[PDB]
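A.B. asks: okay, here's the opening piece of the assembly, coordinates as they are in the complex:
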Amino acid sequence: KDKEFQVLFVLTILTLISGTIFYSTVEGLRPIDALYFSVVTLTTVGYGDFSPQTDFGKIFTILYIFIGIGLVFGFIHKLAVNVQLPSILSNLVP
């Protein structure tokens, strides 16, 4: 639980590393924009201020979403259950 959250954290980090490199290189975004876009994509926000322009970028984004969404939201949840909720409940009492 405290130990499992560390697994999803690495996996998420690795997923975002992959998107940051792909979109910097193929779509030509600055690395910070590429990471931002990767996060905005896999959390399903999708502002569209960055969006792939090339057919290679679109095909990767299809695959990137299907693979990553399940992971990322897995991490958000465990962060919610096993890391966020404790601190909350511990602040309720002295």
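C.D. replies: Perfect, thanks for sending it. Numbering: from 1, shown residues only, chains lettered A, B, ... in the order given.

A.B. asks: contacts only, for the spatially most central residue of chain A.
C.D. replies: Nearest to the mean C-alpha position of chain A, by C-alpha atoms, centre = their mean, lies residue A:39 at 4.3 Å. Residues counted as contacts of residue A:39 (C-beta atoms under 8 Å, 6 or more residues apart in numbering) are residue A:16. Every residue, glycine included, has its C-beta placed from N, CA and C.

A.B. asks: give me the element it is part of.
C.D. replies: Per DSSP states H and E, residue A:39 falls inside helix A:31-42.

A.B. asks: compute the inter-axis angle for the very next helix or strand once past that helix and helix A:31-42.
C.D. replies: Heading C-terminal from helix A:31-42, the first helix or strand you meet, by DSSP H and E, is helix A:55-79. Here helix A:55-79 runs at an angle of 70 degrees relative to helix A:31-42 (axes from the mean of the first three to the mean of the last three C-alpha atoms, to 10 degrees).

A.B. asks: and the helix or strand following helix A:55-79, which residues are buried?
C.D. replies: Going down the chain from helix A:55-79, the next helix or strand is helix A:85-92, by DSSP H and E. Neighbour-count burial for helix A:85-92, counted by 16 or more other C-beta atoms under 10 Å, picks out no residue.

A.B. asks: and stretch A:23-34, by the same measure?
C.D. replies: Those would be A:23-24, A:27, A:29, A:33-34, for stretch A:23-34 by 16+ other C-beta under 10 Å.

A.B. asks: and what of stretch A:49-62?
C.D. replies: A:50, A:52, A:57, A:60-61.

A.B. asks: to the structure above, add chain B:
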Amino acid sequence: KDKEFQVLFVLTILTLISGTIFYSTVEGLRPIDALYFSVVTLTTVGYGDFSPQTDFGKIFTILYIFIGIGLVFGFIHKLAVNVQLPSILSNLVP
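C.D. replies: Just below you will find chain B, in place on the chains above:
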């Protein structure tokens, strides 16, 4: 349940207060636009009519999403289960 919903309500309010101040100040949005954007972000709608323009805004938005999504949707759900569904079911019968 009636008591827990009040916890998530405050926490959500505090999360949206934080986004409203950050985006008003760093991204220069009117306070109402900043709150609207914060809500549109953390519910994962993401119209993109407002989107951060500065690197500081993008880095904060990455962190803001990961922290807040789990909270907000937690509140939507409890609102659904413990506050919305009762009124519905009570209207079914006299």
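
A.B. asks: once more on the buried residues of stretch A:49-62, this time with chain B?
C.D. replies: A:49-50, A:52, A:57, A:60-61 (16 or more other C-beta atoms under 10 Å in any protein chain shown).

A.B. asks: looking at these, which is nearest chain B?
C.D. replies: residue A:49 (4.3 Å; C-beta to the nearest C-beta).

A.B. asks: tell me the residues on chain A that lie near chain B, please.
C.D. replies: Contact residues (C-beta under 8 Å from any C-beta of the partner chain) of chain A with chain B: A:32-33, A:35-36, A:39-40, A:43-49, A:76-77, A:79-80, A:84, A:88, A:92.

A.B. asks: select only the buried ones of the residues you listed in PyMOL?
C.D. replies: Restricted to buried positions by 16+ other C-beta under 10 Å, the PyMOL selection for the residues of chain A next to chain B reads:
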select buried, chain A and resi 33+35+36+39+40+43+45+46+47+49+76+77+79+80+84
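
A.B. asks: ok, so of the buried residues of stretch A:49-62, who is nearest residue B:9?
C.D. replies: Using C-beta to C-beta, residue A:49 comes nearest to residue B:9 of the buried residues of stretch A:49-62, at 31.0 Å.

A.B. asks: once you drop chain neighbours, what's closest to the closest one?
C.D. replies: residue B:51 (4.3 Å; C-beta to C-beta, 6 or more residues apart in numbering or on different chains).

A.B. asks: returning to that earlier point: with just CA atoms, put the helix holding residue A:39 into PDB.
C.D. replies: Written as PDB, here are the backbone C-alpha positions of helix A:31-42 (Å, rounded to 0.1, in the frame of the first residue of the first chain):
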ATOM      1  CA  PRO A  31      10.500  19.300 -23.600                       C
ATOM      2  CA  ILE A  32       8.400  21.100 -21.000                       C
ATOM      3  CA  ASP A  33       5.500  21.600 -23.400                       C
ATOM      4  CA  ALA A  34       5.800  17.900 -24.300                       C
ATOM      5  CA  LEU A  35       5.500  16.700 -20.700                       C
ATOM      6  CA  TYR A  36       2.700  19.100 -20.100                       C
ATOM      7  CA  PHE A  37       0.900  17.800 -23.100                       C
ATOM      8  CA  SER A  38       1.500  14.200 -22.100                       C
ATOM      9  CA  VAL A  39       0.000  14.900 -18.700                       C
ATOM     10  CA  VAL A  40      -3.000  16.900 -20.100                       C
ATOM     11  CA  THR A  41      -3.600  13.900 -22.500                       C
ATOM     12  CA  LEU A  42      -3.400  10.900 -20.100                       C
END
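
A.B. asks: with the structure above as the base, add chain C:
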Amino acid sequence: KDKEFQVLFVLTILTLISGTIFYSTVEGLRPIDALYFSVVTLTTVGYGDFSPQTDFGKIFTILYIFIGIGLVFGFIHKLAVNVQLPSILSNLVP
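C.D. replies: Below, chain C sits with the chains from the block before:
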């Protein structure tokens, strides 16, 4: 189950009726655009091809999302479980 799906269906319909009237009137959208926008909003797609321009539209959209998201996705799910999955499984065998 077959009976409960009918409840969420009406409630969803009523939620979308409300958005269709509000956005037609306050934001000035054609009624079909207003319904489309209401659906695109409460399912959290959020293309942003329509987005509220007035402060009244933004305040309503904040409230509309928090109230409706929980409902709508409730209906999508029951449609998935109690109406979509049966037909699927019945087609598996003669």
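
A.B. asks: take the contacts of residue A:39 again, chain C included.
C.D. replies: A:16, B:62, B:65-66 (C-beta atoms under 8 Å, 6 or more residues apart in numbering or on different chains).

A.B. asks: report the two of those residues separated the most.
C.D. replies: Pairwise over the contacts of residue A:39, using C-beta to C-beta, the maximum falls at A:16 and B:65, 12.1 Å.

A.B. asks: which bits of chain A sit near chain C?
C.D. replies: A:44-48.

A.B. asks: with these in mind, which one is nearest to residue C:3?
C.D. replies: residue A:44 (32.0 Å).

A.B. asks: would you check that that closest one makes contact with residue B:44?
C.D. replies: Yes - using C-beta atoms under 8 Å, residue A:44 is in contact with residue B:44, at 4.9 Å.

A.B. asks: quickly list what's touching both of those two.
C.D. replies: residue C:44.

A.B. asks: picking up where we left off before, now the residue nearest to the centre of chain A: how far from residue B:26?
C.D. replies: 18 Å (C-beta to C-beta, to the nearest Å).

A.B. asks: can you check residue A:3 too?
C.D. replies: For residue A:3 relative to residue B:26 (C-beta to C-beta), the value is 36 Å.

A.B. asks: and which of the contacts of residue A:39 is nearest chain C?
C.D. replies: residue B:65 (13.1 Å).

A.B. asks: now do the same contact list for the closest residue to residue A:53 other than its chain neighbours.
C.D. replies: Ranked by C-beta to C-beta, 6+ apart and with sequence neighbours excluded, the top spatial neighbour of residue A:53 is residue A:27, at 6.5 Å. Taking C-beta under 8 Å, 6+ apart, we find residue A:27 in contact with A:34, A:50, A:52-54, A:57.
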